[PDB]
Amino acid sequence: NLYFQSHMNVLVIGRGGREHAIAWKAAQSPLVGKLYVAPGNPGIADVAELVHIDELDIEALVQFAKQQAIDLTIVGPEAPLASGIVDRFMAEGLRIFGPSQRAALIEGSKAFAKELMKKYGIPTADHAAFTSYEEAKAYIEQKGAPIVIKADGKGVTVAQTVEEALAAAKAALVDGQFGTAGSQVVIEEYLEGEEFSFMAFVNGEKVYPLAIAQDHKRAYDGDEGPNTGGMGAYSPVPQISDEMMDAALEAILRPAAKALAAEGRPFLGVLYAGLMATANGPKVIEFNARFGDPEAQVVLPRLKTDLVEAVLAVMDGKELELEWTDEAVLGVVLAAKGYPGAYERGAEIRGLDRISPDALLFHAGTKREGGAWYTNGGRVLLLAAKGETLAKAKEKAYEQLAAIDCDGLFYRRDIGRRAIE
Ligand SMILES: Nc1ncnc2c1ncn2[C@@H]1O[C@H](COP(=O)(O)O)[C@@H](O)[C@H]1O
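- As annotated in the PDB entry, the chain carries the name Phosphoribosylglycinamide synthetase and is attributed to Geobacillus kaustophilus.
- Within the Protein Data Bank, this record goes by the title "Crystal structure of GAR synthetase from Geobacillus kaustophilus".
- Recorded in UniProt under Catalytic activity (unreviewed entry), the annotation for the chain is "5-phospho-beta-D-ribosylamine + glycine + ATP = N(1)-(5-phospho-beta-D-ribosyl)glycinamide + ADP + phosphate + H(+)".
- Here is the UniProt Sequence similarities (unreviewed entry) comment for the chain, exactly as written: "Belongs to the GARS family."

## Here we look at the overall build of the chain
Then step 1. The helix and strand tally for the chain stands at 12 helices and 23 strands.
Then step 2. Since a compact globule built from 421 residues should have a radius of gyration of about 22 Å, the 22 Å found for the chain is in line with a globular shape.
Then step 3. Taken along its principal axes, the extent of the C-alpha atoms in the chain is 65 × 50 × 45 Å.
Then step 4. Burial analysis of the chain (421 residues in total) assigns 55% to the buried set.
Then step 5. Here the chain has roughly 18,400 Å² of accessible surface; of this, 47% comes from carbon and sulfur atoms.
Then step 6. Side chains of the chain give 43 positive and 59 negative charges; the mean places of these two sets differ by 1 Å.

## Brief notes about the sheet that holds strand β18 (residues 348-349)
Then step 1. Strand order in this open sheet of 3 strands is β18-β21-β20, and the pairing throughout is antiparallel. The open sheet has two edge strands, β18 and β20 (366-369), and neither has a second partner.
Then step 2. In this sheet, strand β21 (residues 372-375) lies alongside β20 in antiparallel orientation, the contact comprising 4 bridges. The residue of β21 that forms the bridge with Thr366 is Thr375.

## Section: the packing of helix α6 (residues 110-120) against helix α9 (residues 242-262)
Then step 1. Where α6 meets α9, the axes come as close as 10 Å, and the angle between the chain directions of the two elements is 100°. By the angle between their directions, the pair α6 and α9 is classed as roughly perpendicular. Between α6, through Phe112, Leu116 and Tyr120, and α9, the contact on the second element is made entirely by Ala259, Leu260 and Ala262.
Then step 2. The residue makeup of the contact of α6 with α9, split by class, is 6 nonpolar, no polar and no charged.

## Topic: helix α5 (residues 101-108)
Then step 1. Looking at α5, one finds that the buried residues are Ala103, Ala104, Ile106 and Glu107. For α5, the buried positions fall inside an angular range of 115° around the axis, keeping them on one side.

## Points about the UniProt feature "binding site: AMP 2" (unreviewed entry) in the chain
Then step 1. Following the UniProt record, one finds the feature "binding site: AMP 2" (unreviewed entry) at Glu195.
Then step 2. Structurally, the position occupied by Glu195 is in strand β10 (residues 194-203).
Then step 3. Aside from chain neighbours lying at most four places away, what touches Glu195 is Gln214, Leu275, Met276 and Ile285.

## Re the site of the ligand
Then step 1. Neighbouring the ligand are the residues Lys110, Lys150, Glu189, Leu191, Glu195, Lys217, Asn227, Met276 and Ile285.
Then step 2. One nitrogen or oxygen atom from the side chain of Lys150 is found 3.5 Å from an oxygen atom belonging to the ligand.
Then step 3. Here an oxygen atom of the ligand sits 2.5 Å away from a polar atom, N or O, in the side chain of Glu195.
Then step 4. Bound to the protein, the ligand loses 71% of the 480 Å² it would expose on its own.
Then step 5. Among the residues forming the shell around the ligand, the class breakdown is 3 nonpolar, 1 polar and 5 charged.

## Notes on the domain arrangement of the chain
Then step 1. By domain assignment, the chain separates into domain 1 (9-100), domain 2 (126-191), domain 3 (192-327) and domain 4 (328-421).
Then step 2. Spacing between the C-alpha centres of domain 1 and domain 3 amounts to 21 Å.
Then step 3. Carbon and sulfur atoms supply 73% of the area that domain 1 and domain 3 bury against each other, a total of about 2,000 Å² over both sides.
Then step 4. Broken down residue by residue, the surface that domain 1 buries against domain 3 is led by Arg18, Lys25 and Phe97, which jointly contribute 35%.
Then step 5. Linking domain 1 to domain 3 there are 1 salt bridge.
Then step 6. When residues of the side of domain 1 that touches domain 3 are traced back to their parent elements, those giving at least two are α1 (17-26), α3 (78-82) and β5 (96-97).
Then step 7. Taken together, the residues that form the side of domain 1 that touches domain 3 break down as 13 nonpolar, 5 polar and 4 charged.

What counts, and at which threshold
In this view, residue numbering begins from 1 on each chain in the order the sequence is written and may differ from the entry, while residues that lack coordinates are not shown. Hydrogen atoms and water are omitted, and side-chain values are computed over all heavy atoms in the structure. UniProt positions are given in the numbering used here, feature names are shortened, and annotations may be inferred rather than shown by experiment. Per the convention used, a helix needs a DSSP run of H or I reaching at least four residues, while a strand needs a run of E reaching at least two, with both numbered from the N terminus. Radius of gyration: over C-alpha atoms. The globule rule applied is 2.2 Å multiplied by the number of residues raised to the 0.38 power. Think of it in three bands: with a 1.4 Å probe and only protein chains considered, a residue is buried below 20% of the maximum accessible area for its type, exposed above 50%, and partly exposed in between. In this description, accessible areas are obtained by the Shrake-Rupley approach with a 1.4 Å probe, and a residue is regarded as covered only by the protein chains that are shown. Charged-residue counts in this description rest on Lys and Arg as positive and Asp and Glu as negative, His and the chain ends being excluded. Each charge is placed at NZ for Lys, CZ for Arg, CG for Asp and CD for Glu. The rule for pairing is simple: two strands pair if DSSP sees at least two bridges between them. Helix axes are fitted to C-alpha atoms over the stretch in contact, other axes to C-alpha atoms as well, and angles between N-to-C directions run from 0 to 180 degrees. Oblique is the label for any angle not under 35 degrees, not over 145, and not in the 65 to 115 range, which are roughly parallel, roughly antiparallel and roughly perpendicular in turn. Whether two residues are in contact is decided by their heavy atoms: any pair within 4.5 Å suffices. As a working rule, the residues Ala, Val, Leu, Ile, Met, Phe, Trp, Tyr, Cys and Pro are called nonpolar, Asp, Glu, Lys and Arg charged, and the rest polar, with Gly in that last group. Directions pointing from the helix axis toward each C-beta atom define the arc. Whether a residue is near a molecule or strand depends on its heavy atoms: if one lies within 4 Å, it is near. N or O atoms within 3.5 Å of each other form a polar contact, as long as, within protein, one can give a hydrogen and the other can take it, and as long as residues adjacent in sequence are counted only when both atoms are side-chain atoms. For the domains described, the bounds stem from an automatic or database domain assignment. Buried area is calculated as the accessible area (1.4 Å probe) missing from two parts once they are joined, with the contributions of both summed. The term salt bridge refers to a side-chain nitrogen of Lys or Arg lying within 4 Å of a carboxyl oxygen of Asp or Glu.

Following this line, the structure appears as C-alpha cells:
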C-alpha cells in the first residue's frame, strides 16, 4: 500500500520504558537504517545507538540531527515538547513527530484544557478555581456533593457533603500557599466509573485511533496509596464497551483535534486522552500530548502496522487504517521502594537473563556497571507479556516477573485483576 523512503535515520527523544518500546518497534521497520535514542538508557542500547544529549538540550539535538542526517525525530516525554523542540526542529527543516509548544499546551496547562473543552462542548469534569472564599462557597453550593476540593501548597479532599466541602475550601484558602495572586482553591466535579486511556495519532483535524489501554495509577494493590506515573497497564480493555470507545472518539478526540486547530494550535503527534467511562458517557480527566507511559509498552506490542510507516503516513495526512493483534498484552512496573516518594538508587538487580525471550522487558531507570544491573530511577522496569486472552497475558507476565530478584524493587500483584473480574 504505502510507499515511503527506506534507509531513514530515526532519532527517538527520551530515557524511559515508553522510549524503549518506541525504539524496539522502530528497529523492526524495513524503513529504518539507523536508530538513535537521546539519551536512552542501557536496556535501550540493545535495540539502538544511544546519544549522550539531554532531552531539553534542544540546540544540541538540532545540531545532532542536522549532522547525523536524521529523517524522522519521535519525541517521547512531554518537557521537550513544552519547551518548543517541535518549533525549533520545523524552523530548521527537520521532520518531527510531536506537537508545537502552542498545541502541547493541551497537556501543560490543565486550566487551558478545561477552558478549551468548555468552549467547544467537550465532556469533562467541571473545574473552577477561586481566590475568594465567598465565591468558592456560592459555587460549592450550586454543584453540591460529593465534590473534589484541591489545595495548593494530601491537599486533595473528596468532600462527601456540602458542609465538609466548605470546611475543606475554607482551609485551602487559609492554609494553602500564598502565590503572587494570593492563595487559591481548585474545585472539581467528582466522577465515577472506569478509567481508560485513549491514544490516537493526530495531524490537525485528522485522528487515527490507537488501541485502548487501562493504566493503574495508584502505587499499591487494591488501588491504594498515592498516585504515580502508572504502575501497570493492559490492552484491550473488555469492560469498556465499543459504544463508549466510539462516543469518546467522536465526542472527545475528534472535537479536541478540531478545537486545537480552530484556535490556531493544530496538533501533530500522539493525543492521549485520560478518560472516565461514566453512566453519562465518556468524560475527559486530562489530556496528554505524547504517548502514555506505561501505555506505550502495552499498546505498541499489539500494533501490526509498521510504526515508522504509520507515523510517516500521519505526518503526510494520508489515509491509513491501523491493524492490531487479537492478543492481549499486560505490563507490570517494578519501581524503587519508596516511589512515588523518595526512593533508593543502586540496588543490584539479578535475574534479567532468566526471563523468557518472548517476554517484553522495557527498561525505564536501570544502570549497567561492572557487568551488573542496578536500580537508578523511580520506575525501573516494565515487564509485559502477550496472551491469547487477558488472563493468559496476566499469568505469563506474573510468572516471568518472579525470576527477578531485587530487594530494592517492588511491584503490584493486581494489574489486570478487576478486568479479569
Ligand atoms: N476528576 C477526577 N475524577 C476521577 N478521578 C480523577 C479525577 N482527577 C484525577 N483523578 C485521578 O487521579 C490521577 C492523577 O490525575 P491528576 O489528579 O490530574 O494528577 C488520574 O490519573 C486519575 O486516576
